[PDB]
> 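Quick one: the structure is below, questions incoming.
Per chain, numbering begins at 1; letters A, B, ... match sequence-line order. Both ligands and their constituent atoms are indexed starting at 1 by order of listing.
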Protein chains: 6
Amino acid sequence: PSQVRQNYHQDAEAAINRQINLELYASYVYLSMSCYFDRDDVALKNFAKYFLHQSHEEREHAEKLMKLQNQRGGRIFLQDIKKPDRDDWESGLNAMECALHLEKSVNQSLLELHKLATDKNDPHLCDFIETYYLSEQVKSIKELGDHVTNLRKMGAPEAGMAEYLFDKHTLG
Amino acid sequence: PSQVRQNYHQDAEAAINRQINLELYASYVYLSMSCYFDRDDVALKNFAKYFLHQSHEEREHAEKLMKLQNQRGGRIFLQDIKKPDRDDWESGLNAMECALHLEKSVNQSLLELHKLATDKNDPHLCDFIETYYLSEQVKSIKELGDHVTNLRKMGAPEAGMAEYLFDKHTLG
Amino acid sequence: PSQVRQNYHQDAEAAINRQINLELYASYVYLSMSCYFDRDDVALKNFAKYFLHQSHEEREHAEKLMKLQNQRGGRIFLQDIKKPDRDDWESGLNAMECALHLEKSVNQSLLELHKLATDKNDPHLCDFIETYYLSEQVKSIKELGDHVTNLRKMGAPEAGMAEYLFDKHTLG
Amino acid sequence: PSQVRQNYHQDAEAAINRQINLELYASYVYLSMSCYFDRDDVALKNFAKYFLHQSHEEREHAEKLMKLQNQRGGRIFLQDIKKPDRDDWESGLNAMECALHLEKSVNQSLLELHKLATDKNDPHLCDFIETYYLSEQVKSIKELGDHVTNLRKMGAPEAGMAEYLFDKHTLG
Amino acid sequence: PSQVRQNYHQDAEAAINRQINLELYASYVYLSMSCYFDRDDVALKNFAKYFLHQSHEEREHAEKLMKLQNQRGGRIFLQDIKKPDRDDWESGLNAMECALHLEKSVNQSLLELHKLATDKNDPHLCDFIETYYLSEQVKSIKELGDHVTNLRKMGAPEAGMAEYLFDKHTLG
Amino acid sequence: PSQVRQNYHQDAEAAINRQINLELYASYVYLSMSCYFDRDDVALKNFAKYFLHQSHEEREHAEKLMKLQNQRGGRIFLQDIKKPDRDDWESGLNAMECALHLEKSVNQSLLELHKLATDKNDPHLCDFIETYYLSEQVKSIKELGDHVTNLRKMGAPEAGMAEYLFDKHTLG
Ligand code: NA
Ligand code: NA
Ligand code: NA
Ligand code: NA
Ligand code: NA
Ligand code: NA
């Protein structure tokens, strides 16, 4: 084992590698969404900026897990980053709804990771997940839920001004 | 076609999508290298920082191509980002040599993209590639070649102090 | 020939003179649009400001071509600047759509100029066009396409608040 | 009629449209002169700058008339901007003499516009012309007359140093 | 081949070496001219300063080509820098005329280099030449043409005050 | 003779012209060395910078002699600047050793020039040489000797880290 490794179960190391991939995947999904909103036929710059920021955030999340993996003496094993499920994200509302789904999926994975950490009596990993991931996820989910709610209430996407004005006032 | 599209051949659009993937792939390779140097049994923080910066740069390169694709009215089609060929990059020198190979490969792809742009009489794309990609690549290749040279001359990796001191003095 | 003239084909000189006229024409079209939005019965001040700025930009484009013509030892031959096709531009959306058409037309002329420059092996002129004109055009076309998209989505011009709010939020 | 229109005779509206065209024409003439002085075989940069500034000033004059037309509820009708009478302006002195002629012509048109405004009992228009146009014209005419005088006295254009030194000392 | 070399034809490498020599030669010619104007029997300090600056600029041009050669993995091969054709440059006008000839000659060489780069499908080199050399040359040629024009118009060199005053007002 | 010439022997004027050429030659040699260290397979940036600075210094030395020649009413006669003896300078140590040889050669020439000045009872020239050249040379020779010593002691060039570390610590 790594000279630093202590109380770091192989199952945790594997789960962290999986989580890294998921974070990178989420980054890629958000990048896809950002690019969609930059299309000339979509042209919602603040949706684009929002999702680009999310993409960058997810990359940071992945990098922080990579740092954790090395800190604990695990070994990072990267996997392909799968392309997002869609190229065309349909609408600001649909993208926000998909983002919410993605964030909940990531959260579910983090909760499973936390359960694993607890099961393996790895409090450092538990704490790491709780501290840096779970609160962030809850905040993200709430924010996306709020965005979805607002867009839906505003009549998006059928109401043409809804996404535009949400783009300006909420995302701008 | 997109309302903005003008003089943008489908072959160029496809080539740009391929280049986006290659840039994202290069980003991922450099991320892999960065993580390797952050291993406790490698522990070259400035190599890690160097490659992380390269990873971020490659992502920026990809994002700029995505912006180009949308600016020209092409449509971004993302593909899986393949995992890097290696998890273990062996040494600072070997990583720099692999980086040089990667950069030359990316450069070759950009040169092919430029040839395509010239062939399709797409001077905007030609100019974009020349302006933002080809000079950057040449600079990157030269810098990596310089690093490789220096590491080799210093006796890396067999000479234990070579990578350490290169990490401090060239990359620090 | 002019003492400075070198590698500057008469066909290029002529094409540049034509481009100057086209830029001045575009300036005039945008001035027409600006004035339209300043009508009391239209009263979209930020559309007016947008198009006035475009008018000024096009004049700058023309002046830069005039500077090029003299720099290369060609001789500027001015022609009448034709009045714009319309006095009444109908709506913010219609003006933006017409602007997009105009910009694409100007771009097409620049692409033809670039082809001529390449054909005459005039790399200075090629570079000048690429550097100062083609990227600007692509950006302009994309921006107008984005504006058109947004106005259309917002329901312009039938939806009374669309142009108003676009005027405030996008153009203000 | 326009909801704002009050005491604005159709003849005034027409005269203003004519004046707009004349100002734009004057702008174009001065642009032509500026370009001439930027020729490598003329190369009087401060003459070029002087006339370019005049061109910009005339454009501003036209824009201010357009603003007036809209303020009064008239409708701007643009016409072709005729090319200047000359491509080659011969000399700094000849250009200044032609500028003086042009300015006097513009002044004459403004005086006719003022007479029309007085005839139609349009004191706002009278005041506008007096305030923003007639004093400017007199100043411009005097300045050009002064320049012509000085250039003539200096021996322009036959005395080779005259235009050069006038360019440096009066226009620089 | 050099580890960095990619898409860099030997003919380009040779042409770059030739261009380096030509730039160094031009530097030397301008140094010769500068020294001439510093003679007590010529004593035009701003002509001297002008040409000295040009000499330094040409050296920078040569150094930038040397940097390019190394960046692309070519090898610099220096040749003798031939002495200038003249020790005595006769007059400010004659020097400016000779400078114009030299600049056009350098430009012609750069155009040939660009043609070679295009022929060898070396867009990096093409871009480098266009970006850093061809626009600079056109500007230089125009500036020298302007100087020649002005000196000729002022009556140089027979008119004793022409060079003196040009030295003060244009070059000072 | 020149109106300023006083106590300036033709032999001194000739010797100064020879010295100018030698300084320009030394400049060129150092430029050659600088370029060598910028090769990707050498890649010692601070050696490159060191020699480039020396090249610039030698050019300044030449220019100062040119100024002297004109100040004394001699006439500068330039000669070809011969290419350096080598394209490949082998190593940092070998370049420093060659630089030392070159500097000693230049010093020897300056000493001969001083002897000539003393022989011709030209104290201004003697003083000029002593003041601006001889102390500089001694300093340069000592500095290069120190560099050679250090590189030799460090085990250059066989000891791979020697040039690297000297580049960083002494030249950086
Ligand atoms: Na995340
Ligand atoms: Na890249
Ligand atoms: Na334009
Ligand atoms: Na006017
Ligand atoms: Na040059
Ligand atoms: Na020296």
> For a distance under 3.0 Å, tell me if E/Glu23 has an N/O/S atom near the Na ion (ligand 5).
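A backbone or side-chain N, O or S atom of E/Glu23 is under 3.0 Å from the Na ion (ligand 5).
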> Are a donor atom and an acceptor atom from the side chains of C/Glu23 and C/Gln19 found within less than 3.5 Å of each other?
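Per modelled atom types, C/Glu23 and C/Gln19 side chains form a pair under 3.5 Å.
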> For the pair E/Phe51 and E/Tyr30, name the ring-plane relationship: parallel under 30°, tilted 30 to 60°, perpendicular over 60°.
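E/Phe51 vs E/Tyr30 ring planes: parallel.
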> Roughly how far, to the nearest 0.5 Å, is the CD1 atom of B/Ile20 from the CD atom of B/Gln79?
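So the CD of B/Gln79 and the CD1 of B/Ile20 are separated by 10.5 Å.
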> How is the N/O/S atom of B/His61 that comes nearest to the Na ion (ligand 2) named?
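It is ND1, the N, O or S atom of B/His61 closest to the Na ion (ligand 2).
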> Any side-chain donor paired with an acceptor under 3.5 Å for C/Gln69 and C/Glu13?
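No.
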> Is the Na ion (ligand 2) under 3.0 Å from any N, O or S atom of B/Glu58?
yes
